[PDB]
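Visitor: this one is an experimental structure. Sequence first:
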Amino acid sequence: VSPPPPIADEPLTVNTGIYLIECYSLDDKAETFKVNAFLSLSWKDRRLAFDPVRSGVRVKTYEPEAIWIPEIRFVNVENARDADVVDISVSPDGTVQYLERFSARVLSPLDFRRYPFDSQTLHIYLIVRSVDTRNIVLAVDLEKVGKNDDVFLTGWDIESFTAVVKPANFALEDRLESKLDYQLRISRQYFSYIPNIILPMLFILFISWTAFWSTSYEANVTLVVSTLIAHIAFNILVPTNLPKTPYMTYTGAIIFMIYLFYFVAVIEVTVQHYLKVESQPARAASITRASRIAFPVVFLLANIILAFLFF
Amino acid sequence: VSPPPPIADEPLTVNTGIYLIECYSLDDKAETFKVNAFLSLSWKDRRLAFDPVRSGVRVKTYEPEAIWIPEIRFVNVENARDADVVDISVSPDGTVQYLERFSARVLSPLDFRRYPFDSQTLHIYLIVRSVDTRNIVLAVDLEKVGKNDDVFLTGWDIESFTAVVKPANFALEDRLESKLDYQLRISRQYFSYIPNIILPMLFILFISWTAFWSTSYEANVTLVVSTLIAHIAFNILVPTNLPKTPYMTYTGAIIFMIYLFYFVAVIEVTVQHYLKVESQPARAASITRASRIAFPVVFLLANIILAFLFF
Amino acid sequence: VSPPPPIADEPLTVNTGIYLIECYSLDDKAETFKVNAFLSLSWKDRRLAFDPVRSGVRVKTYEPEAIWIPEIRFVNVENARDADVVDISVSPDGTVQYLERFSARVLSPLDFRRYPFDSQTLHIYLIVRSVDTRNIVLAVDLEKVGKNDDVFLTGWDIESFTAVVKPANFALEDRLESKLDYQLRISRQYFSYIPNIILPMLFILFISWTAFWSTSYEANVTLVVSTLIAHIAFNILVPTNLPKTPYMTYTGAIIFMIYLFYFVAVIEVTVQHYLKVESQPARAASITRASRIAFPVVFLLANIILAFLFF
Amino acid sequence: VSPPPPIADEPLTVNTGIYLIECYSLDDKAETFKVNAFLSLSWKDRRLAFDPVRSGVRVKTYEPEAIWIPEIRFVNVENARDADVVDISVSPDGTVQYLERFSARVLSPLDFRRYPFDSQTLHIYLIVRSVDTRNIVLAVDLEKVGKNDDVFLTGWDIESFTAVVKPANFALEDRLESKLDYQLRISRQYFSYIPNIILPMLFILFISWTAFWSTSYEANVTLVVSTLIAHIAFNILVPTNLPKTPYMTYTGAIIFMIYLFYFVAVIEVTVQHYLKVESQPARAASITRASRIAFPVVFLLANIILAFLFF
Amino acid sequence: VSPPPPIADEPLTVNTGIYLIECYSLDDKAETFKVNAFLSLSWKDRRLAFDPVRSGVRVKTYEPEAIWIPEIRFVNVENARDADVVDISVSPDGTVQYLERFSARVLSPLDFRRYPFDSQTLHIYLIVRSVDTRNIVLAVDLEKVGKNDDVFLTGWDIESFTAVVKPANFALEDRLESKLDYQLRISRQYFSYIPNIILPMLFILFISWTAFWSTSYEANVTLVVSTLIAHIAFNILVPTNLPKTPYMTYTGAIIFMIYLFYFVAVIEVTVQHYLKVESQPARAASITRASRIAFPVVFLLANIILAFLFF
Ligand SMILES: [Cl-]
Ligand SMILES: [Cl-]
Ligand SMILES: [Cl-]
Ligand SMILES: [Cl-]
Ligand SMILES: [Cl-]
């Protein structure tokens, strides 16, 4: 089987369509997601043309082995997709209507700067390499681009499934390649994060601030240091799941700040004690009294600044 | 091989049946379960009809390649099922009795709102895409829908295996699709949870409440903060296994409340100490004395309110 | 290829044998184990009979494709076994001697009640579905049922590999099925458990009991609470590996009891301090003095009671 | 199909080219990386030459089964690559232009000495075993060696993708083998490491140094020991991911040093207390006062010696 | 294809040879390792003999399907190896030189008694089952037994790759089986263990011994109990990776001893305090003073005893 010949010198247009059946396994660390969808393909191969009257059928059905099928691949996949041809339907003009159900593990980079209030655009890149006999160009049949209403991605709200109609035609290793960008828009379900991660993490930090209403150095050392351990332990408990980003993340900057606050609270506790011990309780008392306002205010200010910078 | 032709303009009825052999690997986080079952199919292909008396045989056996078989798929699977055709049998009227043994990883969303006192309905959706020559419609042979008595799902009580007889017939990408809902009803084995999770978690919280029979600020800081660490450590120890739900969970609400209680207990401890130190031991004593009743009562009340809202 | 025809109306006997080559990957949580073994099959097919005299050969060798072979499957496997036919040999009377080497992941429920002093019976269920032309019944050739001496299962002592000779014949999906129970008896290597799990866990609990020779409330709070954290930390450190059983386990009952003891020790510590502070040191002293005997004795007694109930 | 025959006694040159499409799953512990790329092959087989004039077509397309193709393998792979032949092109002179898309898990050792400021050279070794009829030699077509601009490796900056043009010819199992070294140069994105790992780890150590402005042995024991726990807890929290190197690593040395510092800080704390208790507070005070400078200075210095020693 | 016939009644000798290309994934817990190697096979099949003079060829090349090849399997594999036939060559006498590249996961038990100062012998058992027409016996071509110089196994030094020339011929299920033992000698890279595991673990234990230069019961309880937690935490941090051995390990015995030492240190701390409180400070002081020498000496003595017993 060779590709269909051109009537003049025109390229072959392969009309594509992806219909999302199932969407699952979004791995934040791997920056991968698993997909189960229909891939629809349509091209004209006149060699297959028939007379409905002589054939006594309006549409002819073929096996994948019987006819020529364009070699469509996905660019950003781990391994080649697991596909199962559902139907091949030839109308008398020689128009082929191909359909397969496939599953694939798609590699799409993520932007963690606004985590856990982040939205993402997942890409599925369709590609076709042109042959020596003729050039193959991809196209989008928008009526065949969709997603099942039941499509769920644990932890995300599925916004839209669309395709950038204009293909990216370019040369590679001395041949033409026609690329198609299919986009899945998702936004994270940040609800759980408040009572699950944020609130208990803020309570632990607030406990350390009680050292500002105490003069007992032993009690204060216990408050600061034990809370620091509790903070780390709590972090171990919470599945962050995030990879090592080359840039600074919102949640990342806050976490760093929380570590700084434990350190500053220790300095204060240490300073207050030294002044008291070094017979200057007036200074020690003024520092502690200030800290009571200073700590929450500086925290609240720095968080507003952070939020502003990130959003 | 083409589909059997219609006598009039009627659709082809494919009688289905799933018989559960093995059920395993229910992943609470992935919302997936693995299955090993029989898939029975039945349709009429008059082209295969025979005279039993002339043939000498009451039943003819065929190879999958030899005859036309409808393309049945599962909607909510990760990849296509691993199937092995067990038997194909033809009766004189052209009735085909197909049977295959398959294994598949099924995606079924779970409702964690009542965890660990939750019950679930696991779905296995059967589907068939209609062809150009005729429409294909799914049906349920109830005598062919069952489950092996030995079927076990670690941590769950298997209630029932049934099918919603009425198929969901709908159009998809310009063709008819007939869908069948097979339901596996399971309820969680919540026994272990009491002595394994709940009771030790309540004991740790109760230990923090002893700070209400103490005036030693050092001892009290140690009680509240060390128990908070113990709580987090205990949580790390216990495999919750739950994913990040967009909604609020029963266990989730209680856990949040337990974190609030550790924070309030710190406030009390802090307040009592400040009043004592600021020469007002009468107030400090009344607060501590009240807390002794207030803490268990508010806890018990709040839990009752929550339980009521969730059940 | 069709099944061999009956002389009268008698069923076909398939003589089976399993010889264990390798045994590995016993997963306590999944209740699965991996097996590598030989599967021997023997049955009479008179269509393959030959006169050794006019042929010159004592035995004829065939390819699996060339002759009819019964479709034997395993009931309790995740997916179908990976098999490789080693040999097929026909004796003059038409007796076929089949041999294949297979690997399979077998699902066999476990009884955790006596863990880590538990013994298990692992099941491998052989099955054959009868055909329309003839009924098939399984049998056990005991000379072909064995296990390699080198067979090891990390953490277990392999007791015996046997088969329940009498098959379980029953109806399934309107046809007869003949089932065979092959049993692998194993007992846990509980040695390591004493110096690795039990002993360090008892030492941590014993440290908490030193609070009965102390009057320092601060020191006592530290002893009881810090050991409770150490207990939890130690538990995190030790790989229990056990699933959530619907029933109560021996180890699980002890663990619960240990948690109760930490709680009771706190009550004592709290009570002793309150009495002392509330100017009644005689009662406080009697309680502490009693606890010194009460705690070890009640512990030793309830452990004897538990052990008795479980064994 | 036999190899093309030599005109004289010259070896066959197979012109190779690897074009990186996707790069993912760099496992620092396994020292493996997954790669999805094009493998281009070119060689002359005069048996496949044709007179363009007599033939009518300029390029003859073949199926892999139809013609002889050299058996190219990768040395450092876990299992054989998953390949899909994209195109086979024969020019009139018999110059074969082969192209396949493959995915493979490549084993490449890593140098952890400079972690997390390390750079790595990932190797992909191409190999061909010579046959009895003719010797086969590999070559690099530099115009066919590249990488997709979109190629990303989470946590690394992709520097270059090149090949060592001169193949490594050598004997193996009595025959000649021609090896090609393809090199992927990567450097670690060490940014995150500072605010995420280093800085919080230094803060915890700095908290331990406050014991040098305290005389309370109880407060000091709490500071040193509780920070040591916090350090270990923090380490548990941070995914190092590193394997057990036979050599000393930079990080490994700093981490070791941090453990030594906690031990020395304990000695000091212990010494200071003993002198005080043994009625020599002047020595105790001088030691503590010195430690305040000694600890940061010796730390800062040892780190410069370490940094220099490693870079 | 039938086996080559015997001239008399002699067995067929299959000359084997394994050449290690890649060695990876040594799992201490599973007692498994992954391998990528060449498998060379040689046997004489006179039916394939030819006159080189008339044939014009010195050697003839065959496809696996074309000729008879002995069924060689590995005993201690998880599933059957993934093999790819590299070459089949026949010399004028009918000698067959077979070569395949294979990957397999090998099950080889390990001896942990001397961990981390342990050396291991990894086994790869080659096997052939004899047929009805003739007996098959395995042999070792030593020139074809080797390993790639680049072979690395993270955490181990690869000593040698050899084969026990004399096969193990024995009967199994009424037929002869010829077994070959290929041995890979490896020794653990124990360097890292000292600064990474041993030294920090000894420092934590040494910190607990400072309680022998203190009279503060509160400080002593904190020292002993907090170090015990730190010890457990440190153990959690360090990847032991070891399975539950039926026997006692060296490292295992030391770890147990360290737990005993924390318990004895508590007893001392408790005893010293009780004597002091019960107005007998002279005894309390003598016990503490003795402990200072007793603890390190008994530790040192016992380790010498342990080292001696294990080495
Ligand atoms: Cl693909
Ligand atoms: Cl399916
Ligand atoms: Cl099976
Ligand atoms: Cl390869
Ligand atoms: Cl094998």
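Guide: On my side now, so go ahead. Numbers count the residues shown, from 1 in each chain, chains lettered A, B, ... in the order given. Ligands and ions are numbered 1, 2, ... in the order given.
Visitor: who touches the residue in the stretch 1-150 of chain A that ligand 3 sits nearest to in this structure?
Guide: Nearest residue of the stretch 1-150 of chain A to ligand 3 (C-beta to the ion) works out as residue A:82 at 21.9 Å. (Each C-beta comes from the backbone N, C-alpha and C, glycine too.) By C-beta atoms under 8 Å, 6 or more residues apart in numbering or on different chains, the contact list for residue A:82 reads A:102, A:103, A:104, B:79, B:80.
Visitor: now for those residues: which two are most distant?
Guide: Pairwise distances across the contacts of residue A:82 peak at 12.5 Å for A:104 and B:80 (criterion: C-beta to C-beta).
Visitor: more neighbours: which of those two?
Guide: Ranked by neighbour count (other C-beta atoms under 10 Å in any protein chain shown), residue A:104 and residue B:80 place residue A:104 first, with 22 against 17.
Visitor: count of neighbours near residue A:150?
Guide: Residue A:150: 12 neighbours (other C-beta under 10 Å).
Visitor: nope, residue A:301 is what I meant
Guide: The tally of other residues near residue A:301 (other C-beta under 10 Å) stands at 10.
Visitor: is it located within a strand, as I assumed?
Guide: No: judged by DSSP: H, G, I helix; E, B strand; the rest coil, residue A:301 forms no part of a strand; its state is helix.
Visitor: which parts of the one helix or strand residue A:158 maps to are buried?
Guide: If you go by DSSP states H and E, residue A:158 is part of strand A:156-172. For strand A:156-172, a neighbour-count test (16 or more other C-beta atoms under 10 Å in any protein chain shown) marks A:156, A:158, A:161, A:162, A:163, A:167, A:172 as buried.
Visitor: what about ligand 4: which of those residues touch it?
Guide: By C-beta under 5 Å from the ion, no member of the buried residues of strand A:156-172 lies near ligand 4.
Visitor: nearest to residue E:233, of those residues?
Guide: Nearest to residue E:233 among the buried residues of strand A:156-172 is residue A:156, at 35.6 Å by C-beta to C-beta.
Visitor: what's around the nearest residue to that closest one once chain neighbours are set aside, how many residues?
Guide: Nearest residue to residue A:156, sequence neighbours excluded (C-beta to C-beta, 6 or more residues apart in numbering or on different chains): residue A:186, at 4.4 Å. The burial count assigned to residue A:186 is 22, neighbours taken as other C-beta under 10 Å.
Visitor: now do residue A:192
Guide: Residues contacting residue A:192 under the criterion other C-beta under 10 Å number 18.
Visitor: pretty sure residue A:10 is in a helix, no?
Guide: No: Residue A:10 sits outside any helix when classified using three-state DSSP, being coil.
Visitor: check the gap between it and residue A:134 for me.
Guide: Counting by C-beta to C-beta, to the nearest Å, the gap from residue A:10 to residue A:134 is 8 Å.
Visitor: which one's more surrounded, the two?
Guide: The neighbour comparison of residue A:10 against residue A:134 (other C-beta under 10 Å) goes to residue A:134, with 16 against 10.
Visitor: for residue A:186, phi and psi?
Guide: Taking degrees, to the nearest 10, you get phi -130, psi 150 for the backbone angles of residue A:186.
Visitor: surely it is in contact with residue A:158?
Guide: Yes: using C-beta atoms under 8 Å, residue A:186 is in contact with residue A:158, at 5.8 Å.
Visitor: much appreciated, bye for now.
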